[PDB]
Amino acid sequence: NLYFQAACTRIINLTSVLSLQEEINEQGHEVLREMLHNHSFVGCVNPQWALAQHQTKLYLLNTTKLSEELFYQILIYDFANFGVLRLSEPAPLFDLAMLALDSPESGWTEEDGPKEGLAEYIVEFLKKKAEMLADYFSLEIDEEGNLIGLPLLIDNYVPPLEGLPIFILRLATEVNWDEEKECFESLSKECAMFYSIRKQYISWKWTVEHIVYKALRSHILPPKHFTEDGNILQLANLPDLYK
């Protein structure tokens, strides 16, 4: 705590991460966990929605939010213990920030100030956070301000890289870099979203079924709100399925 004064690849004493670990465990819905552990996968409707069967029930599942939640929990639980996913091509944080700023999801306006200057600031700001980012999150930025590494949260998974610019932006602009708990939480949340399957940034059917949904058998304590928020829907019951 000085800094503040699952992929099949050290202990964390920090009371902030162990507290976030406890918060996940608390909302953990065991019957949903069982359903996901034992699902038989049916197919993807689109990148956002998948169909799965458990006993005689057919479920519609929000892959986007399920994978988001999955990666968030893996971030909190494998914290500081991540394998590294090397980028084949190093990506200048500057170009990434510019790609972010030149896109409508940035919400950039002239009141923000010129783009180049904001891009440069983002690079310098992220260079400062680099040691901590590489240490705890295996998010690797070198002294040239190139991104060279991302956490390998699960094996054989590369997050949709078209989401990389906006990830980089929100990492500087949306993360609470000032309070330890809100930092680790908001960072993991931003990273979770970047890793999540999101249709706008989308062979992917294969990854969803065999990589993402496989890890959903093991590495998620799904929250209780999933039974009511519309991320998991029972579409039908087939009583004679096993008859």
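From 1 onward, residues are counted along the sequence shown.
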Subject >> Residues of the deposited sequence that sit between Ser203 and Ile202 yet are not modelled >> reply: 10 or more
Original post:
None, 1 to 3, 4 to 9, or 10 or more: how many residues of the deposited sequence lack coordinates between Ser19 and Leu20?
Top reply: none
**OP:** Take the C-alpha B-factors listed in the entry for 173 to 181 and for 30 to 38, compute each mean, and give the stretch with the larger one.
**Re:** 173 to 181
Original post:
Per the entry, where is the mean C-alpha temperature factor higher: 104 to 112 or 146 to 154?
Top reply: 104 to 112
Original post:
According to the deposited entry, which of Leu161, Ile166, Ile74, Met132 has the largest Cα B-factor?
Top reply: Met132
Original post:
If you rank the chain by CA B-factor, which third does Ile232 end up in: lowest, middle or highest?
Top reply: lowest
